[PDB]
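K.L.:
One structure, as structure tokens, below. Some questions next.
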Amino acid sequence: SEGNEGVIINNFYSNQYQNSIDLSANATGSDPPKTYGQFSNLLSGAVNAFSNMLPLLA
Amino acid sequence: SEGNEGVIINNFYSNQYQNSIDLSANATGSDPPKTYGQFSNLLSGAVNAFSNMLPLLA
Amino acid sequence: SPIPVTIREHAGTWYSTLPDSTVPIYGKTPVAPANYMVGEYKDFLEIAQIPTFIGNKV
Amino acid sequence: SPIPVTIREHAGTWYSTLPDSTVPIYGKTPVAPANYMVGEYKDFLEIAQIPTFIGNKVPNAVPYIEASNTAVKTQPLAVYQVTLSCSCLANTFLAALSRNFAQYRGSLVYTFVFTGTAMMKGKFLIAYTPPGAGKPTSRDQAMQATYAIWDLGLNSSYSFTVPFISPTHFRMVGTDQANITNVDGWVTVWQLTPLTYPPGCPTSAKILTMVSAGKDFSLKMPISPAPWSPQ
Amino acid sequence: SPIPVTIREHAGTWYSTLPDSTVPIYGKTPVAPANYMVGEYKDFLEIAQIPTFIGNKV
Amino acid sequence: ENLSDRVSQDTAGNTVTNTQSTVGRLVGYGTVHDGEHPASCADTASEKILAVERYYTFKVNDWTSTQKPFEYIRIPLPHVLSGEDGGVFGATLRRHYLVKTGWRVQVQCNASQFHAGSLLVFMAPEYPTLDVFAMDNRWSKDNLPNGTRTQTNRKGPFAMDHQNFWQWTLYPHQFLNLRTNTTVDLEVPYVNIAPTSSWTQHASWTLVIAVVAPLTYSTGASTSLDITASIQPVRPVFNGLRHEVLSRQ
Amino acid sequence: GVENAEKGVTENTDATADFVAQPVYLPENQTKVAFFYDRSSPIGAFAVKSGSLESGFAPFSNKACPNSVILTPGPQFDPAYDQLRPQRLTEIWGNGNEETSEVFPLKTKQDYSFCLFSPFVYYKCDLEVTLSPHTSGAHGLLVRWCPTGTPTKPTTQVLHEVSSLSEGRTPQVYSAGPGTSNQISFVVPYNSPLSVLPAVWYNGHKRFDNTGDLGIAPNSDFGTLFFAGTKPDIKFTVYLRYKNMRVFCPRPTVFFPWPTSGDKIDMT
Amino acid sequence: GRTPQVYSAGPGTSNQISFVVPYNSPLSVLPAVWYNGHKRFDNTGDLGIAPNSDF
């Protein structure tokens with residue numbers, strides 16, 4: 001059930017603050033999101049296709 | 001994300017007061033409004049057309 | 001615009017059994033999933049029904 | 001019409017971490033546009049993934065280990081304890097980041113960059129041993145745990161991930177006292193085959209060692225480490 | 001039914017620039033119509049545009 | 001020898017760089033200098049001068065067997081190119097109050113398949129340089145990692161010019177590993193405390209070259225490896241035209 | 001996983017790449033930057049001079065417990081001019097200045113925690129300030145806050161018998177009564193003329209003269225605070241809280257000493 | 001530091017302090033009376049309390 005609290009008013013602090021956050025873990029693991037934000041260093045020119053090419057060795 | 005604030009209530013002070021105002025400047029400049037208010041001194045009779053005219057030199 | 005309040009005579013008291021919560025100081029804390037857990041009960045009446053031993057010849 | 005209030009016992013306290021704001025005294029202040037700015041991040045996890053250098057031979061730390069022309073199964077090239085407190089990790093961003101939190105979870109990534117000659121050849125056995133039976137004492141015992149064989153060739157580095165193997169969902173970041181024979185196990189590096197080379201080439205090479213968080217890695221509950229002075 | 005409040009640490013301070021009003025003590029006072037008035041401005045920028053004299057040979 | 005999807009060229013005006021062993025161009029912060037006007041200037045900028053958008057190539061120093069780990073050389077920007085070696089770039093730069101630019105660099109160093117060692121090349125905003133913003137003269141391990149404190153500040157924990165080199169890879173970088181490459185290519189966008197820079201008193205970016213795995217080789221192998229660099233201002237935009245700085249030095 | 005770190009970028013994995021494993025992700029939000037700095041930390045202890053409530057202000061310090069404070073997480077003070085207006089410094093001063101001296105407690109004023117961990121080159125934020133008197137008895141405190149780059153010499157008393165701090169239209173705050181909680185709290189906006197602030201170092205001079213002294217960028221703080229009050233014997237702590245923090249360009253943090261001891265650390 | 005600190009001290013306070021802390025043990029659930037295990041894998045035998053099982 002619930003405890004000993006019987007106030008009519010909506011809790012002034014939201015729940016994620018008033019209480020701990022119950023989480024549940026699934027047995028088989030979970031995939032991290034793909035990206036944690038948009039910060040990134042980028043590697044360009046990695047590959048090919050296009051230059052002063054095919055004078056270039058085989 | 002956000003910080004460490006988790007109050008349900010609407011901020012009592014409005015934002016322009018609770019926070020700084022993020023503004024953004026465009027590269028190419030911005031035109032001042034045309035007028036800053038309605039205070040003004042006025043120049044009248046600047047030009048012509050109409051009097052005891054054309055007895056008046058050419 | 002500040003709101004007028006009347007302070008009750010009992011201002012400042014602490015009630016060991018108050019039906020209410022206090023100030024949260026470390027919000028947004030996720031917990032360690034405990035979802036594999038078994039054997040929980042919620043009411044003492046749930047187990048008061050299990051017989052235990054009466055002491056004879058005290 | 002004035003509203004009646006009941007004053008709580010905690011009247012007047014200040015909470016350093018209160019989830020709330022205070023009184024604004026200088027409103028309607030516009031800021032200087034900072035919209036040309038780049039490089040912003042928003043979560044530490046965003047950069048905890050970038051590898052930084054592990055210190056070898058402390059306190060005469062060097063960012064690398066040395067491979068030789070001899071494979072002694074009895075001699076690890078390195079042995080790291082898997083603790084975000086290892087003096088080994090003390091100056092990696094991972095460790096510097098982590099020291100501001102109470103617990104971690106997820107994958108740790110040890111990256112090795114071979115820096116020897118192109119003419120050299122060799123194979124390493126990198127193993128992760130969970131706790132319980134002490135640290136392995138020969139490559140033969142390490143080989144009984146999680147391990148990978150790294151072959152030298154065209155590709156310069158090797159990224160070894162130590163899997164999060166733990167009874168609890170999370171692990172404590174820092175040690176209170178020192179953690180024994182504990183900690184969470186060990187990463188040991190061994191030679192499988194010796195570094196081989198042709199005539200005219202040095203007979204040992206340096207292997208750069210770095211550490212980073214895996215995509216799995218998480219940290220929780222911000223605190224402050226014990227204060228220190230770098231000097 | 002009296003409402004429970006948490007008193008903030010800054011209780012009792014006075015802020016010279018508070019974005020708020022205080023207690024009115026003499027309400028419902030009508031003013032003397034000043035609607036014949038002219039020359040009002042509302043923003044300093046409205047008059048900062050009028051040239052004044054630079055001092056030479058200070 | 002060097003190959004295929006590793007053979008790469010970069011044309012800048014009348015300038016072109018070629019490498020036969022690249023590992024790609026690291027673009028820091030994942031963006032390039034857009035060449036956009038600073039929104040803090042009412043004057044129209046002089047931009048797109050072809051004579052300025054090219055590669056300036058000069059020598060950094062010599063890599064030897066003697067360098068120890070983490071010894072480095074700093075190249076302050078735009079300062080290094082503000083002189084005579086800066087061509088029309090320098091000449092234009094000395095007559096403007098403000099400059100807004102990105103950088104595109106290539107650092108070069110060859111050895112052989114019988115040499116061992118690796119450099120760390122990185123670019124960093126607000127990296128602490130010499131007072132006078134000049135390229136370091138010799139390799140040093142000077143004031144690492146706690147910064148430079150005052151003589152008397154006997155017990156001070158550290159100074160604000162601290163640099164924990166164990167973490168230098170947080171900066172946009174690439175390794176020049178002798179077994180792998182001969183060149184390193186980096187590019188950084190414009191970043192600063194303000195929309196454009198009064199370059200005169202601020203070297204906002206520094207190109208840093210550091211040893212991380214010391215040079216090793218057997219006898220008869222080349223003994224000193226020169227280190228050179230090609231630097232190009234990326235879409236520099238100038239504002240506040242006046243007379244010449246002059247003492248350019 | 002085989003890789004090539006020379007590119008300057010390394011592919012991230014989980015145990016899943018090389019072994020038979022599963023990803024073990026679980027969500028948390030305490031690692032966001034804003035959340036992390038949105039908590040109060042102290043920058044030092046300050047003092048008020050006797051009878052400042054009714055006279056001209058003048059720089060002064062009690063035990064290297066001054067009179068005014070620059071709102072900044074960086075070092076400031078310089079114990080050698082404890083009687084001069086404080087200034088921002090480029091180094092932290094130990095407790096003593098000779099061998100036999102001690103590093104803690106530091107003499108300068110700074111957010112040691114921020115200093116110890118700020119992996120970014122630039123930042124922007126609003127500043128929440130808390131003044132806490134070290135006394136549970138009545139305490140009167142007058143505060144004057146001046147935006148960065150404005151007049152900071154609140155030296156002329158213009159009104160007979162009124163503190164010179166208490167002059168003008170510059171924000172002034174005052175708490176003093178028998179029923180107060182003694183502490184003061186408020187948040188100030190971001191007033192640097194700069195777009196973003198240097199967090200550690202700024203590689204440039206103060207004038208175009210290049211009268212060489214690098215380190216700090218001018219007007220890169222949140223302003224100055226001046227204090228006057230009634231308990232010249234009670235000191236108070238000043239705390240900073242970064243409201244809506246934004247950081248740009250990761251960079252290295254402060255060096256941590258090699259345990260010329262174990263293979264792990266601890267605490268203290 | 002940034003570790004939670006609370007402070008009450010003024011002539012108009014009610015002197016008492018109140019607050020609620022979250023659940024921070026790395027453990028899923030806490031032993032209420034006894035925990036039949038040691039502190040290290042060394043079995044440097046001392047049963048009773050499970051490590052980090054407090055608030």
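Following the order of the structure tokens, chains are lettered A, B, ..., residues in each are numbered from 1, and ligands are numbered from 1.
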Do you have, as a Markdown table, the list of residues of chain H lying at most 10 Å from chain E, each with its nearest atom pair and that distance in Å to one decimal, counting only C-alpha atoms and ordered by chain then number?
P.N.:
```
| residue | atom | partner | partner_atom | distance |
| --- | --- | --- | --- | --- |
| H:7 | CA | E:9 | CA | 9.0 |
| H:8 | CA | E:9 | CA | 7.7 |
| H:9 | CA | E:9 | CA | 9.0 |
| H:10 | CA | E:9 | CA | 8.9 |
| H:12 | CA | E:11 | CA | 8.7 |
| H:13 | CA | E:7 | CA | 8.6 |
| H:14 | CA | E:7 | CA | 9.9 |
```
K.L.:
Considering only C-alpha atoms, give me a table of residues in chain C that are at most 8 Å from chain D, with the closest atom pair and distance in Å for each, as JSON lines.
P.N.:
```
{"residue": "C:3", "atom": "CA", "partner": "D:2", "partner_atom": "CA", "distance": 7.7}
{"residue": "C:4", "atom": "CA", "partner": "D:2", "partner_atom": "CA", "distance": 4.9}
{"residue": "C:5", "atom": "CA", "partner": "D:3", "partner_atom": "CA", "distance": 4.4}
{"residue": "C:6", "atom": "CA", "partner": "D:4", "partner_atom": "CA", "distance": 4.4}
{"residue": "C:7", "atom": "CA", "partner": "D:5", "partner_atom": "CA", "distance": 5.3}
{"residue": "C:8", "atom": "CA", "partner": "D:6", "partner_atom": "CA", "distance": 5.7}
{"residue": "C:10", "atom": "CA", "partner": "D:6", "partner_atom": "CA", "distance": 7.0}
{"residue": "C:11", "atom": "CA", "partner": "D:7", "partner_atom": "CA", "distance": 4.6}
{"residue": "C:12", "atom": "CA", "partner": "D:9", "partner_atom": "CA", "distance": 4.5}
{"residue": "C:13", "atom": "CA", "partner": "D:9", "partner_atom": "CA", "distance": 5.3}
{"residue": "C:14", "atom": "CA", "partner": "D:9", "partner_atom": "CA", "distance": 5.2}
{"residue": "C:24", "atom": "CA", "partner": "D:18", "partner_atom": "CA", "distance": 7.3}
{"residue": "C:25", "atom": "CA", "partner": "D:18", "partner_atom": "CA", "distance": 5.5}
{"residue": "C:26", "atom": "CA", "partner": "D:17", "partner_atom": "CA", "distance": 6.7}
{"residue": "C:27", "atom": "CA", "partner": "D:19", "partner_atom": "CA", "distance": 7.1}
{"residue": "C:29", "atom": "CA", "partner": "D:221", "partner_atom": "CA", "distance": 6.7}
{"residue": "C:30", "atom": "CA", "partner": "D:220", "partner_atom": "CA", "distance": 7.9}
{"residue": "C:32", "atom": "CA", "partner": "D:169", "partner_atom": "CA", "distance": 5.9}
{"residue": "C:33", "atom": "CA", "partner": "D:169", "partner_atom": "CA", "distance": 7.2}
```
K.L.:
Given the selection you just returned, output its residues as a file containing C-alpha atoms, formatted as a compact mmCIF listing (two decimals), in the first residue's frame.
P.N.:
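Full text of part.txt as output:
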```txt
# COMPACT_ATOMS: atom_id res chain seq x y z
CA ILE C 3 1.30 36.76 -0.40
CA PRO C 4 0.12 37.57 3.14
CA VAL C 5 0.23 34.68 5.66
CA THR C 6 -0.97 34.18 9.22
CA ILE C 7 1.54 32.10 11.26
CA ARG C 8 -0.08 29.43 13.42
CA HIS C 10 2.38 25.78 16.56
CA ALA C 11 5.05 27.32 14.27
CA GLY C 12 8.30 25.32 14.31
CA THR C 13 7.10 21.98 15.88
CA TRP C 14 8.30 18.55 14.72
CA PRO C 24 14.81 15.94 -0.97
CA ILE C 25 18.54 16.77 -1.29
CA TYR C 26 19.89 14.34 -3.85
CA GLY C 27 17.40 13.95 -6.69
CA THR C 29 19.16 9.08 -8.39
CA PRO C 30 18.39 5.82 -10.20
CA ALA C 32 20.00 -0.76 -8.73
CA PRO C 33 17.35 -2.92 -10.34
```
K.L.:
From a DSSP calculation on the backbone, collect every residue of chain B in helix (DSSP H, G or I) and output the set as a list in words.
P.N.:
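The helix (DSSP H, G or I) subset of chain B is residues 15, 16, 17 and 18 of chain B.
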K.L.:
Could those residues be written to a file, using N, CA and C atoms, as a compact mmCIF listing (two decimals), in the first residue's frame?
P.N.:
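Result saved to selection-v3.txt:
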```
# COMPACT_ATOMS: atom_id res chain seq x y z
N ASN B 15 10.65 34.05 -16.68
CA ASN B 15 11.99 33.84 -17.18
C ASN B 15 13.00 34.87 -17.55
N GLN B 16 12.38 35.91 -18.01
CA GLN B 16 13.21 37.03 -18.46
C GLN B 16 13.84 37.61 -17.20
N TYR B 17 13.26 37.23 -16.07
CA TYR B 17 13.78 37.71 -14.81
C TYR B 17 14.59 36.61 -14.17
N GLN B 18 14.07 35.41 -14.15
CA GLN B 18 14.86 34.34 -13.52
C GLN B 18 16.14 34.07 -14.28
```
K.L.:
Find the residues around region 119-125 of chain G up to 10 Å (only C-alpha atoms counted), leave out those fewer than 3 positions away in its own chain, and share them as a ChimeraX atom specification.
P.N.:
/B:19-20 /D:34,37,39-41,44,47,93,96-97 /F:124-127,170,191-193 /G:34,37-38,114-116,128,188-190,192,194-202,222,241-254
K.L.:
Find the residues in chain F near chain B: any atom within 7 Å counts, using only C-alpha atoms. Write them as a PDB file with N, CA, C and O atoms, in the first residue's frame.
P.N.:
```
ATOM      1  N   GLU F  36      32.041  32.865 -42.465  1.00  0.00           N
ATOM      2  CA  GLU F  36      30.930  33.812 -42.261  1.00  0.00           C
ATOM      3  C   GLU F  36      31.375  35.075 -41.596  1.00  0.00           C
ATOM      4  O   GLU F  36      32.285  34.964 -40.782  1.00  0.00           O
ATOM      5  N   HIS F  37      30.797  36.211 -41.858  1.00  0.00           N
ATOM      6  CA  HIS F  37      31.157  37.456 -41.192  1.00  0.00           C
ATOM      7  C   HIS F  37      30.811  37.469 -39.710  1.00  0.00           C
ATOM      8  O   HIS F  37      29.791  36.897 -39.259  1.00  0.00           O
ATOM      9  N   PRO F  38      31.655  38.156 -38.967  1.00  0.00           N
ATOM     10  CA  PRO F  38      31.452  38.299 -37.514  1.00  0.00           C
ATOM     11  C   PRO F  38      30.285  39.255 -37.379  1.00  0.00           C
ATOM     12  O   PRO F  38      30.167  40.303 -38.075  1.00  0.00           O
ATOM     13  N   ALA F  39      29.387  38.808 -36.532  1.00  0.00           N
ATOM     14  CA  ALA F  39      28.171  39.600 -36.326  1.00  0.00           C
ATOM     15  C   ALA F  39      28.407  40.795 -35.436  1.00  0.00           C
ATOM     16  O   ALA F  39      27.440  41.536 -35.199  1.00  0.00           O
TER      17      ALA F  39
END
```
K.L.:
Need to verify the contact set: region 104-112 of chain D, 9 Å, only C-alpha atoms, exclusion of same-chain residues closer than 4 positions in sequence. Can you return it as a PyMOL selection string?
P.N.:
(chain D and resi 49+51+54+64+82+84+98+156-165+169-173+187+207-220) or (chain G and resi 3+5+12-15+23-26)
K.L.:
Contacts from chain A to chain B, 7 Å maximum, only C-alpha atoms: show me the residue list as number ranges by chain.
P.N.:
A: 12-14, 17
K.L.:
Using only C-alpha atoms, find the residues of chain G whose closest atom to chain C is at most 9 Å away, then write them as an MDAnalysis selection string.
P.N.:
chainID G and resid 27:30
K.L.:
Filtering to C-alpha atoms, could you give me those residues as a PDB file, in the first residue's frame?
P.N.:
```
ATOM      1  CA  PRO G  27      20.059   4.912 -18.003  1.00  0.00           C
ATOM      2  CA  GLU G  28      21.159   7.657 -15.685  1.00  0.00           C
ATOM      3  CA  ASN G  29      21.176  11.443 -15.939  1.00  0.00           C
ATOM      4  CA  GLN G  30      23.643  12.513 -13.372  1.00  0.00           C
TER       5      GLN G  30
END
```
K.L.:
For chain H, list the residues within 6 Å of chain D, counting only C-alpha atoms, and write the list as a PyMOL selection string.
P.N.:
chain H and resi 1-8+13-14+16-18+26+41
K.L.:
If the cut-off is 10 Å, can you tell me the residues of chain H near chain A, counting only C-alpha atoms? I'd like them as an NGL selection string.
P.N.:
:H and (20-24)
K.L.:
Tell me the residues of chain F close to chain D, meaning within 9 Å using only C-alpha atoms, as a CSV table (one decimal) with C-alpha atoms, in the first residue's frame.
P.N.:
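New file result.csv:
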```csv
chain,number,residue,atom,x,y,z
F,28,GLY,CA,38.1,18.7,-34.9
F,29,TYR,CA,34.7,19.3,-33.3
F,30,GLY,CA,33.5,17.8,-36.5
F,31,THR,CA,33.1,21.2,-38.3
F,38,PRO,CA,31.5,38.3,-37.5
F,39,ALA,CA,28.2,39.6,-36.3
F,69,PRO,CA,58.2,11.2,-23.9
F,112,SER,CA,61.8,3.8,-42.9
F,113,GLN,CA,60.4,0.3,-42.2
F,114,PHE,CA,63.5,-0.2,-39.8
F,115,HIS,CA,62.8,2.8,-37.6
F,116,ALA,CA,60.5,2.7,-34.5
F,117,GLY,CA,58.7,5.6,-32.7
F,118,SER,CA,55.6,7.8,-32.7
F,145,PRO,CA,52.0,19.1,-15.9
F,146,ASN,CA,51.3,21.7,-13.1
F,155,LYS,CA,53.3,25.4,-1.5
F,156,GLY,CA,50.9,26.5,-4.3
F,157,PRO,CA,49.1,23.4,-5.7
F,158,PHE,CA,49.3,24.5,-9.4
F,164,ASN,CA,48.2,17.2,-17.8
F,165,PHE,CA,49.8,15.6,-20.9
F,166,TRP,CA,48.4,12.1,-19.9
F,167,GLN,CA,45.2,13.5,-21.4
F,168,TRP,CA,46.5,15.4,-24.4
F,169,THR,CA,44.4,13.1,-26.6
F,170,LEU,CA,41.2,15.0,-25.6
F,177,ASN,CA,53.6,6.4,-36.0
F,178,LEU,CA,56.6,5.6,-38.2
F,179,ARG,CA,55.4,2.0,-39.0
F,180,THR,CA,52.1,3.5,-40.2
F,189,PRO,CA,37.0,25.5,-37.1
F,190,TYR,CA,36.9,29.0,-35.5
F,191,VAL,CA,36.5,29.0,-31.7
F,192,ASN,CA,37.1,32.0,-29.4
F,193,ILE,CA,35.7,34.0,-26.6
F,194,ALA,CA,34.2,36.4,-29.1
F,195,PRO,CA,32.7,36.4,-32.6
F,212,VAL,CA,55.1,9.8,-27.2
F,213,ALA,CA,57.3,6.8,-28.1
F,214,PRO,CA,60.9,7.7,-28.6
F,216,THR,CA,64.7,3.8,-32.1
F,217,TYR,CA,66.7,2.2,-34.9
F,218,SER,CA,69.7,0.2,-35.6
F,219,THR,CA,73.0,1.4,-37.0
F,220,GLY,CA,73.0,2.6,-40.6
F,221,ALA,CA,69.4,3.7,-40.4
```
K.L.:
Work out how far CA of residue 57 (chain D) is from CA of residue 147 (chain D), in Å to one decimal.
P.N.:
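CA of residue 57 (chain D) lies at a distance of 23.3 Å from CA of residue 147 (chain D).
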K.L.:
When distances are computed from only C-alpha atoms, which of F:89, F:63, F:139, F:133 shows the smallest separation from chain G?
P.N.:
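Counting only C-alpha atoms, the residue closest to chain G is F:133.
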K.L.:
As an exercise, work out the distance from CA of residue 178 (chain G) to CA of residue 138 (chain G) in Å and give it to one decimal place.
P.N.:
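Computing the Euclidean distance for CA of residue 178 (chain G) and CA of residue 138 (chain G) yields 5.9 Å.
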K.L.:
As a ChimeraX atom specification, please: every residue in chain E that DSSP puts in strand (DSSP E or B).
P.N.:
/E:3-5,14-15
K.L.:
Can you check which residues of chain D have any atom within 6 Å of chain B? Use only C-alpha atoms and format it as a ChimeraX atom specification.
P.N.:
/D:19-20,24,27-31,33,35
K.L.:
Could you write those residues out with N, CA, C and O atoms, as a PDB file, in the first residue's frame?
P.N.:
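Result saved to again02.pdb:
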```pdb
ATOM      1  N   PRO D  19      16.902  21.026  -5.045  1.00  0.00           N
ATOM      2  CA  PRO D  19      16.449  21.031  -6.433  1.00  0.00           C
ATOM      3  C   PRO D  19      15.597  22.283  -6.650  1.00  0.00           C
ATOM      4  O   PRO D  19      14.439  22.097  -7.043  1.00  0.00           O
ATOM      5  N   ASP D  20      16.106  23.477  -6.404  1.00  0.00           N
ATOM      6  CA  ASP D  20      15.334  24.702  -6.674  1.00  0.00           C
ATOM      7  C   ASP D  20      16.224  25.944  -6.734  1.00  0.00           C
ATOM      8  O   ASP D  20      17.432  26.090  -6.365  1.00  0.00           O
ATOM      9  N   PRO D  24      16.070  36.231  -8.063  1.00  0.00           N
ATOM     10  CA  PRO D  24      16.770  36.905  -9.175  1.00  0.00           C
ATOM     11  C   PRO D  24      16.896  38.360  -8.845  1.00  0.00           C
ATOM     12  O   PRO D  24      15.851  38.938  -8.439  1.00  0.00           O
ATOM     13  N   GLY D  27      17.011  41.244 -13.330  1.00  0.00           N
ATOM     14  CA  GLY D  27      16.302  40.738 -14.509  1.00  0.00           C
ATOM     15  C   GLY D  27      16.403  41.538 -15.804  1.00  0.00           C
ATOM     16  O   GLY D  27      16.960  42.678 -15.859  1.00  0.00           O
ATOM     17  N   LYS D  28      15.888  40.859 -16.809  1.00  0.00           N
ATOM     18  CA  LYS D  28      15.762  41.311 -18.177  1.00  0.00           C
ATOM     19  C   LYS D  28      17.102  41.661 -18.821  1.00  0.00           C
ATOM     20  O   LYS D  28      17.088  42.572 -19.679  1.00  0.00           O
ATOM     21  N   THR D  29      18.108  40.918 -18.366  1.00  0.00           N
ATOM     22  CA  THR D  29      19.434  41.198 -18.947  1.00  0.00           C
ATOM     23  C   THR D  29      19.732  40.373 -20.183  1.00  0.00           C
ATOM     24  O   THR D  29      19.932  39.143 -20.086  1.00  0.00           O
ATOM     25  N   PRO D  30      19.794  40.957 -21.353  1.00  0.00           N
ATOM     26  CA  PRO D  30      20.118  40.148 -22.543  1.00  0.00           C
ATOM     27  C   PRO D  30      21.614  39.915 -22.498  1.00  0.00           C
ATOM     28  O   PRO D  30      22.456  40.717 -22.047  1.00  0.00           O
ATOM     29  N   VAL D  31      21.962  38.755 -22.997  1.00  0.00           N
ATOM     30  CA  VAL D  31      23.352  38.271 -23.140  1.00  0.00           C
ATOM     31  C   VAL D  31      23.960  38.608 -24.502  1.00  0.00           C
ATOM     32  O   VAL D  31      23.289  39.118 -25.452  1.00  0.00           O
ATOM     33  N   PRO D  33      25.308  37.411 -27.815  1.00  0.00           N
ATOM     34  CA  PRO D  33      25.081  36.250 -28.677  1.00  0.00           C
ATOM     35  C   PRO D  33      26.344  35.425 -28.773  1.00  0.00           C
ATOM     36  O   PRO D  33      27.415  35.966 -29.034  1.00  0.00           O
ATOM     37  N   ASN D  35      26.239  32.459 -30.486  1.00  0.00           N
ATOM     38  CA  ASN D  35      25.755  31.494 -31.480  1.00  0.00           C
ATOM     39  C   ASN D  35      26.773  31.099 -32.491  1.00  0.00           C
ATOM     40  O   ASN D  35      26.343  30.250 -33.270  1.00  0.00           O
TER      41      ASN D  35
END
```
K.L.:
Quick one: which chain E residues come within 8 Å of chain C, and what is the nearest atom pair for each with the distance in Å to one decimal, counting only C-alpha atoms, rows ordered by chain and ascending number, as JSON lines?
P.N.:
```
{"residue": "E:2", "atom": "CA", "partner": "C:8", "partner_atom": "CA", "distance": 7.6}
{"residue": "E:20", "atom": "CA", "partner": "C:1", "partner_atom": "CA", "distance": 7.0}
{"residue": "E:21", "atom": "CA", "partner": "C:1", "partner_atom": "CA", "distance": 5.9}
{"residue": "E:22", "atom": "CA", "partner": "C:1", "partner_atom": "CA", "distance": 6.7}
{"residue": "E:23", "atom": "CA", "partner": "C:1", "partner_atom": "CA", "distance": 7.8}
```
K.L.:
Hey, can you spit out that residue selection with N, CA, C and O atoms as a PDB file, in the first residue's frame?
P.N.:
```pdb
ATOM      1  N   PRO E   2      -4.361  24.642   7.899  1.00  0.00           N
ATOM      2  CA  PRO E   2      -3.403  25.702   7.733  1.00  0.00           C
ATOM      3  C   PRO E   2      -2.385  25.044   6.764  1.00  0.00           C
ATOM      4  O   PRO E   2      -2.110  23.800   6.914  1.00  0.00           O
ATOM      5  N   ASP E  20       9.657  42.901  -7.912  1.00  0.00           N
ATOM      6  CA  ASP E  20       8.309  42.796  -7.327  1.00  0.00           C
ATOM      7  C   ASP E  20       7.959  44.006  -6.461  1.00  0.00           C
ATOM      8  O   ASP E  20       8.717  44.920  -6.007  1.00  0.00           O
ATOM      9  N   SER E  21       6.635  44.040  -6.251  1.00  0.00           N
ATOM     10  CA  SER E  21       5.970  45.152  -5.507  1.00  0.00           C
ATOM     11  C   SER E  21       5.793  44.998  -4.013  1.00  0.00           C
ATOM     12  O   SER E  21       6.062  43.862  -3.527  1.00  0.00           O
ATOM     13  N   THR E  22       5.405  46.008  -3.245  1.00  0.00           N
ATOM     14  CA  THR E  22       5.267  45.789  -1.786  1.00  0.00           C
ATOM     15  C   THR E  22       3.835  46.064  -1.393  1.00  0.00           C
ATOM     16  O   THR E  22       2.967  46.055  -2.299  1.00  0.00           O
ATOM     17  N   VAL E  23       3.614  46.265  -0.103  1.00  0.00           N
ATOM     18  CA  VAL E  23       2.272  46.556   0.427  1.00  0.00           C
ATOM     19  C   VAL E  23       1.744  47.962   0.157  1.00  0.00           C
ATOM     20  O   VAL E  23       2.424  48.949   0.517  1.00  0.00           O
TER      21      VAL E  23
END
```
K.L.:
If you measure from CA of residue 43 (chain A) to CA of residue 25 (chain F), what distance in Å do you get, rounded to one decimal?
P.N.:
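CA of residue 25 (chain F) lies at a distance of 5.7 Å from CA of residue 43 (chain A).
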